[PDB]
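Participant: From the sequence below, what's the structure:
(chains A, B, C, D, E, F, G, H, I and J)
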Amino acid sequence: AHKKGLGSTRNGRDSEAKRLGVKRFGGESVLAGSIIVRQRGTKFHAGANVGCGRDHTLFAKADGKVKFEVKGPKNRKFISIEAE
Amino acid sequence: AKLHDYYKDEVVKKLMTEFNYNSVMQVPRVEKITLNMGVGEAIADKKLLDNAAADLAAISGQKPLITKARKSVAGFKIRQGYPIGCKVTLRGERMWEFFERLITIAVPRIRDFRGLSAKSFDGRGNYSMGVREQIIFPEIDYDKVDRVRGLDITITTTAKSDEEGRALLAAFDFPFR
Amino acid sequence: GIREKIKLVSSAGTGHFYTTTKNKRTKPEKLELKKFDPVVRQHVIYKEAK
Amino acid sequence: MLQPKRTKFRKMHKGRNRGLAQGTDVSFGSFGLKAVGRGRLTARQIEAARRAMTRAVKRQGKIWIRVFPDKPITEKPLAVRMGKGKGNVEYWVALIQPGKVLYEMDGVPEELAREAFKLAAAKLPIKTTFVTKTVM
Amino acid sequence: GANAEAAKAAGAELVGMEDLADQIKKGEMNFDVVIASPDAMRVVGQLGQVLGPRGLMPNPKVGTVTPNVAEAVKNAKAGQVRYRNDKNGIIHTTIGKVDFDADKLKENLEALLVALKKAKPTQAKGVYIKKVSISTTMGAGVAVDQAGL
Amino acid sequence: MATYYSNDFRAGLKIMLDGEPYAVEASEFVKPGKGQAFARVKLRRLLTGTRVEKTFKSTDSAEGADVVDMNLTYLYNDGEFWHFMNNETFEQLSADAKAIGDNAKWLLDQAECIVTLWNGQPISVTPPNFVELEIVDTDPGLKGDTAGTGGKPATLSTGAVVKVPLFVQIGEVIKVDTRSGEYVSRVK
RNA sequence: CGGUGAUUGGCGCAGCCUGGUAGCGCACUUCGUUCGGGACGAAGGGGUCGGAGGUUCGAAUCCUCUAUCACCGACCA
RNA sequence: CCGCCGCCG
RNA sequence: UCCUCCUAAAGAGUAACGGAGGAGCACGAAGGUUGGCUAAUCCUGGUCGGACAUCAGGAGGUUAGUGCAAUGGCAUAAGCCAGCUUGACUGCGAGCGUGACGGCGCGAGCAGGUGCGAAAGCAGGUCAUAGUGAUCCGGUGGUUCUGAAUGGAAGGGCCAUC
RNA sequence: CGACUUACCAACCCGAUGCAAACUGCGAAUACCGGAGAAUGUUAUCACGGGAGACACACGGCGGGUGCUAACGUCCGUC
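Facilitator: Residues are numbered from 1 along each chain as shown, chains lettered A, B, ... in the order given. The structure is reproduced below:
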């Protein structure tokens, strides 16, 4: 049986997936220091009692419930904590 | 300061009746006079610009600000942030003094003089002329210069049209070719 | 590859040292930064070495 | 063959042909050719149905083409095993949903247009039908 | 540019451009050291070619002859910097200071010329680093020193 | 530290083996049925440097260092050793008589010559295509009989010798070529 | 079928590696030399890199797509 | 030293 | 091997010799902080001056820029400039995120010690994700921590690090 | 130094018409995470400790890559 030659493929490279996204959802009681949202850019901005790490990682700065807002003139999403 | 007091009560009364203004803040006054020197050929030496920047120290009464390049093109072999020109912006007290020295003892010294074109308006009322020598200004000693390249003078006013600003310069007699 | 490493020797009596990278073929002079010392607990100016 | 110029990428996925069409009504011309069967039309099939239709409307008039392929189809060469990458671009198809008007025409009688789309429907793999430009 | 008027505050007399290349063509020995900066390196490298270096006037990134720090070059280099030149043999003669200076400091200046010459261990040295080190005054004294102490 | 198997270096990629470091000029690739592939790599010597011919198989690799070739500027002569000069970083360099052999006559001053830089400092010096030179030891050439082409020998100021035509006798600067070493024209 | 390195002035070849410049040898044009021609001397012209698209301040160079033409050849049954 | 030939009646 | 997007089916994860691109760095300013600023490209007018130098005005709207691919992101600007500087600092770190694990990533705040700002405050690198490899062995510096009878040192240990 | 004539191609806009995994000014159904309550289920939950097996899967429905919208083909998700 005859067998012709076969080409090559330049593609075939992908990364380890970084597990980005929302970790704690809304109305969920968290401890202080818990990561809420891992994200590349600030899809979600930091609201009240929520900080912003160097990785744009929104982390909780107090205990209480995760709250999502649509605040601001630029209609952007903030994340706050009502202190419980 | 001579033709600044001439503007206050002779030129305003000339202009309040020709275009039916209803307030004294409606008349256009000249805001600034900007002197660019687009040297251009400073790609060879830096001291050609320093000779050219010293040429504005005699025409104006202050030091020019050199301008870095905005973009970088291929037709002129320039780069980003290069001193391709130097500018003089003069306003306040000496802008009446430079306009005193221009139209009286610098404009009639232009070689092959016929007059100034009234087509040099952008529709806003900001006149811009172009001079072609350094030897029309009395401060240049005719020996320190080594280039025919001159400069341009932009007279920026606070008008809205060309006819609104043509009668503004008409009181200073502005030779009007 | 190009950017080699240096050793910031403390000019005080201690033997503590920071290390960092400096491109020698661009700015060939030494670094005289001023950081914290965990031994003397002073703010001693550090000097460049190998 | 109606072929695009400097596309975004050379090759794309296969893609399903679900959903209905969007170009339901005839807008420009007086009469149209509405498709009923769910298939696809290669870039030769639009140009072959235009040669057998521009003649029978004798050349004065105006003919529209309401579709454009802009979808590459790959094809492996002769006697090539599976795998080893994606094939080469050969032709361009248009995913024709049911309810899509293919051609339009203005400046012809109804008898001449009826014997024109009949001479172009046989050049197409999909089942088409004759319609009329409805008001509003 | 501005460094032609900012290096004058460091103590240099004749600061400029290719007008100083006419002084090179005349062979003026009023200058001994040449210091430039990497924008007028097209002057010495194209006009002072032969006369600059059996002239031996230096313009190196090997040495610190041409930095872009031309304001703060000659605040100490015009004062106290003595330049190390090569010879065909083993010898590297330098210059000591005025006789009536602090002689305790000069013996540490000779001791801190050891750390400068051992700062480059060219890494292809032979048996010794320093064999004979003698500091003479001008033409009379002979003082044999040691390489270790 | 780099690695280059026989499917990698193809043209203008230096290799290092024992040494001296060589250079690939041109090569072919044969992938024959039953057996291992090879490559008729026509190498080029760099130091002496005439030629070497090897037929590398699929194994093995070779160290690639150094590659660096760049424009220099000759300006200095003293005893034996020579020097050059950069225009992109302005760094000094030292040359030897080993790097100048059968080339030291043509380059005179401020020439745009190139060298090959490898581990301190050169390997060889390549003179430019055209240099201007002057004859000082040349007879006052008569016309003669002469019935044809010729053409008198001229001893050059650098110690070389070229064949010049009749109209240049004493102190006439001329430009020639350095590939073959013949007269082409006179600068005016 | 695959893979790899080329195409640069009429022609043959550089330069690419490591980006700011397009050459060299003939051929060709004019003059001198000869009674004239060839050859030899003097002066000079000639293309802007197969085509297209990227990268970049800037591309003959660095990448990609086809077009064209050579060399490696279609292995175990 | 070098210096080739000069269309066919 | 690592990074961006799609395939991946609206949390995450998800394969193929599936479609596409990049990385094996750079920087002592391009970091920290304070203060100030807002583009691209066309249009008009204007010495040399032209499709494109700089100047003046408007339309226009972030289609610009971000040391470097790609998505996400940013006007309070992370985009640009300047003054002053080294927080690119030591010992920790409640907590969780992600991995079979080795590991990786975020971290309020405390203690000591600085920087800038009048002050509130911010800074344990750079807008973020690529710029990197486990151990063994071996080398340099420090620290009586051990040190084969004792007193030392050698060699080991800890820490910084090649 | 002045250019007029001008069956021919054509940008930015206006109006209409389509297309797209690597387009998004809109946007479900399900799935997913978090709380409360009712009924039900042999704690089906999680944390440890002992001992394994297994890491060649296959077919069909749905959603796809690839292949010729070929295969009882191949590669994933979910049942």
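Participant: where's whichever residue of chain E sits closest to chain C relative to residue C:25, distance?
Facilitator: Across chain E, the shortest distance to chain C (CB to the nearest CB) belongs to residue E:61, at 5.9 Å. Using the backbone N, CA and C atoms, a C-beta is placed for each residue, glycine as well. Residue E:61 sits 6 Å away from residue C:25 when distances are taken as CB to CB, to the nearest Å.
Participant: And those two? Which one has more around it.
Facilitator: Between residue E:61 and residue C:25, counted using other CB atoms under 10 Å in any protein chain shown, residue E:61 has the larger neighbour count: 18 against 11.
Participant: measure that one to RNA strand J for me?
Facilitator: Using CB to the nearest atom of the strand, to the nearest Å, residue E:61 is found at 45 Å from RNA strand J.
Participant: Would you mind naming what in chain E lies close to chain C?
Facilitator: For chain E, the residues found near chain C under the criterion CB under 8 Å from any CB of the partner chain are E:61, E:64, E:67, E:69.
Participant: sorry, back to before: which neighbours do residue E:61 and residue C:25 share?
Facilitator: Residues touching both residue E:61 and residue C:25 by CB atoms under 8 Å, 6 or more residues apart in numbering or on different chains: residue F:89.
Participant: Could you identify the most distant pair in the residues of chain E next to chain C?
Facilitator: Farthest pair in the residues of chain E next to chain C (CB to CB) is E:61 and E:69. Separation: 13.4 Å.
Participant: Establish whether the helix or strand encompassing residue E:22 and chain F are in contact.
Facilitator: Assessed by DSSP states H and E, residue E:22 sits inside helix E:21-26. No: using CB under 8 Å from any CB, helix E:21-26 stays clear of chain F, coming no nearer than 13.0 Å.
Participant: returning to what we had before: can you list the residues of chain E next to chain C in a markdown table and add distance to residue D:90 and secondary structure?
Facilitator: Formatted as a markdown table, those follow (distance: CB to CB, whole Å; DSSP: H, G, I helix; E, B strand; the rest coil):
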| residue | distance to residue D:90 | secondary structure |
| --- | --- | --- |
| E:61 | 58 | coil |
| E:64 | 66 | coil |
| E:67 | 63 | coil |
| E:69 | 65 | coil |
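Participant: Could you single out the nearest of those residues to residue F:72?
Facilitator: Closest to residue F:72, out of all of these and judged by CB to CB, is residue E:61, at 15.5 Å.
Participant: what separates the closest one from residue D:17, distance-wise?
Facilitator: For residue E:61, the distance to residue D:17 (CB to CB) stands at 67 Å.
Participant: where does the most centrally placed residue in chain A fall, phi/psi-wise?
Facilitator: Centroid-nearest residue in chain A: residue A:38, 2.7 Å away (criterion: CA atoms, centre = their mean). The phi and psi torsions at residue A:38 (degrees, to the nearest 10) take the values phi -100, psi 130.
Participant: Can you give me the buried ones in the helix holding residue E:22?
Facilitator: Neighbour-count burial for helix E:21-26 flags E:21, E:24 (criterion: 16 or more other CB atoms under 10 Å in any protein chain shown).
Participant: Let me see the contact set for the residue nearest to the centre of chain A.
Facilitator: A:18-21, A:23, A:55, A:57.
Participant: Kindly reformat those as TSV containing neighbour count, distance to RNA strand I and secondary structure.
Facilitator: Output for the contacts of residue A:38, formatted as TSV (neighbours: other CB atoms under 10 Å in any protein chain shown; distance: CB to the nearest atom of the strand, whole Å; DSSP: H, G, I helix; E, B strand; the rest coil):
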residue	neighbour count	distance to RNA strand I	secondary structure
A:18	9	5	coil
A:19	7	4	coil
A:20	14	6	coil
A:21	9	4	strand
A:23	16	5	coil
A:55	12	4	coil
A:57	16	4	coil
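Participant: Can you tell me which of those is nearest RNA strand J?
Facilitator: residue A:23 (8.2 Å; CB to the nearest atom of the strand).
Participant: residues in chain D within reach of RNA strand I, list them.
Facilitator: Chain D comes close to RNA strand I at residues D:9-13, D:83-86, as judged by CB under 7 Å from any atom of the strand.
Participant: Repeat the analysis, applying 10 Å as the threshold.
Facilitator: With the criterion set to CB under 10 Å from any atom of the strand, chain D comes near RNA strand I through D:8-14, D:72, D:74, D:76, D:81-89.
Participant: ok, now chain E?
Facilitator: So chain E meets RNA strand I at E:68-69 (CB under 10 Å from any atom of the strand).
Participant: I'd like the next helix or strand past the single longest helix found in chain E.
Facilitator: Secondary structure assigned by DSSP state H gives helix E:103-111 as the longest helix of chain E. Heading C-terminal from helix E:103-111, the first helix or strand you meet, by DSSP H and E, is helix E:114-117.
Participant: In chain E, what residue comes closest to RNA strand I?
Facilitator: For chain E, CB to the nearest atom of the strand, closest residue to RNA strand I: residue E:69, 9.2 Å.
Participant: Name all residues that make contact with residue 27.
Facilitator: By default, I'm working from chain A. Counting by CB under 8 Å, 6+ apart, residue A:27 touches A:65-67.
Participant: Not quite, go with chain D.
Facilitator: D:104, D:133.
Participant: Residue A:63 versus residue B:105, what's the distance?
Facilitator: From residue B:105 to residue A:63 the distance is 81 Å (CB to CB).
Participant: So for the two, which sits in the more crowded spot?
Facilitator: The residue with more neighbours, out of residue B:105 and residue A:63, is residue A:63; 15 against 12, by other CB under 10 Å.
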